[PDB]
Amino acid sequence: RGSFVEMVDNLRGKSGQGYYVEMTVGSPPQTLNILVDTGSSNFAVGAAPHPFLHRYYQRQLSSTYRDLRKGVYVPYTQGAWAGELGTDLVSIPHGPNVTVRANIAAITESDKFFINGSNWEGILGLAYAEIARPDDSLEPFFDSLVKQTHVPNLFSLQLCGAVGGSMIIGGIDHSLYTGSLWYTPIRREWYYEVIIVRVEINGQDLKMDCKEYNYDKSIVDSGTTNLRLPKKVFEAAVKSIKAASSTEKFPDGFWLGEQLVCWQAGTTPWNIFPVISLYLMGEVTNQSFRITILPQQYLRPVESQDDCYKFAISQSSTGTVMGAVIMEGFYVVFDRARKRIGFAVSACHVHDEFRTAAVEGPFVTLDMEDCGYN
Ligand SMILES: C[C@@H](NC(=O)c1cc(C(=O)N[C@@H](Cc2ccccc2)[C@@H](O)Cn2cccn2)cc(N(C)S(C)(=O)=O)c1)c1ccc(F)cc1
Ligand SMILES: [Cl-]
């Protein structure tokens, strides 16, 4: 097919509990399934038995492992782990045709980090060194890949929800999207931080000051399931989504992610729930564009003749997190060489015969440089 064909369809996800790619570490080779996380910057692998791991990295069998004689601990919003730093050879067999010596944290203990049944045994933090632990001197995997090889400084993700998808490393594959790509600047290289300049629920502007949508940051994060919104924005958005979906009433806990609602298999009334649009700053002064997701992205299946769903927009106290809810609508291009992130409608996103996810523009939006937090 296109020149990156052998990286298409290189991601899997088991019951929707994270998308992961196979990575092969050490010598002789040990291949493990690695969750792709654009919200963090450590490459870390299970390296000791755990009840939720089928396999783990055995350093003593790899002749090329080098111990860096330093511990590392990483806490996330969900979960934490502790382990030991070293370096070893790493290749991605359905990724670029190169092998690099990368830092690797060997996870030896953890709390609420591994997910039973998820089939992944480590994490690949693809964001930048500023947020790596123990500190920014520990080079992240993608930085090593670009410094040691010819691979261009860009990767792109198509996360296909319900689970699989593609991680194209070093380019873009045009089969994975339709329409045009539209780009927003990476505001700052730490997380993949972006600026959200307007939010609409079924065409209706939420009308908050744009500084509320980015307080205290907005990031794109493939290792977080939900669209997470700061408190005032979440409360406002729920009020508006309730109002829009008012031909059916749901208990208050459903909008808090505490109750599920189930429909008989195949009857979910998608049409009653609104589309949600986020407008992002564009590449030209005063220009923006909008990405629009469907309830097939923000109502997530929980795995009888019953389709059960959880509402997967939730409250955050650390800014807007555009997680898998947002990314499953779109092919997302992390164009680190041009400090920008591109969105296009994904060729695999879940939709129905009446509505599809969309990426549209340009719009005119003034004073966008004021939306960001300082
Ligand atoms: C793998 C699974 N992920 C979740 O279940 C999940 C993970 C986190 C979280 O902290 N993610 C960490 C990395 C990590 C990866 C794996 C385990 C723990 C943590 C970094 O990305 C952000 N981070 C950096 C510093 C602080 N935080 C938060 C939440 N929520 C808080 S939620 C419920 O979505 O609002 C839910 C998944 C399932 C389906 C998918 F399509 C995609 C992902
Ligand atoms: Cl097209």
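The numbering of chain A matches Swiss-Prot: 57-218, 231-371, 376-446, in order.
Keep in mind that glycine also has a Cβ here, set from the backbone N, Cα and C atoms.
Per Swiss-Prot, the features are:
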type	residues	note
ACT_SITE	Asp93	active site
ACT_SITE	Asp289	active site
DISULFID	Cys216-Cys420	disulfide bond
DISULFID	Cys278-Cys443	disulfide bond
DISULFID	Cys330-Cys380	disulfide bond
CARBOHYD	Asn153	N-linked glycosylation site
CARBOHYD	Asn172	N-linked glycosylation site
CARBOHYD	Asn354	N-linked glycosylation site
MOD_RES	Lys126	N6-acetyllysine
MOD_RES	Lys275	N6-acetyllysine
MOD_RES	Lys279	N6-acetyllysine
MOD_RES	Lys285	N6-acetyllysine
MOD_RES	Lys299	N6-acetyllysine
MOD_RES	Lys300	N6-acetyllysine
MOD_RES	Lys307	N6-acetyllysine
Integer Cα-Cα distance in angstrom, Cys420 (disulfide bond) to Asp289 (active site): 19
Fewest-neighbour residue among disulfide-bonded residues, criterion Cβ within 10 Å, set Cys216, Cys420, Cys443: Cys420
Anchor-to-anchor CA distance, Å, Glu371 and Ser376 (intervening 4 residues not built): 9
For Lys275 (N6-acetyllysine): DSSP state (helix, strand, coil): coil
Unmodelled segment of 12 residues: Cα separation of flanking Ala218 and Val231 in Å: 6
Secondary structure at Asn153 (N-linked glycosylation site), reduced by DSSP to three states: coil
Sequence-ordered recorded positions from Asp93, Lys126, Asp289, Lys299, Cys380 with Cβ under 6 Å of an atom of ligand 1: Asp93, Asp289
Top Cα neighbour of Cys380 (disulfide bond) in the set of modified residues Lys275, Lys300, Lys307: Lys307
Sparsest Cβ surroundings (other CB atoms within 10 Å) among the modified residues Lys275, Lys307: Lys275
Candidates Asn153, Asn172, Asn354: member of the glycosylation sites with the richest Cβ shell (10 Å): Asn354
Among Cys278, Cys330, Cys380, the most crowded of the disulfide-bonded residues [Cβ within 10 Å]: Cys278
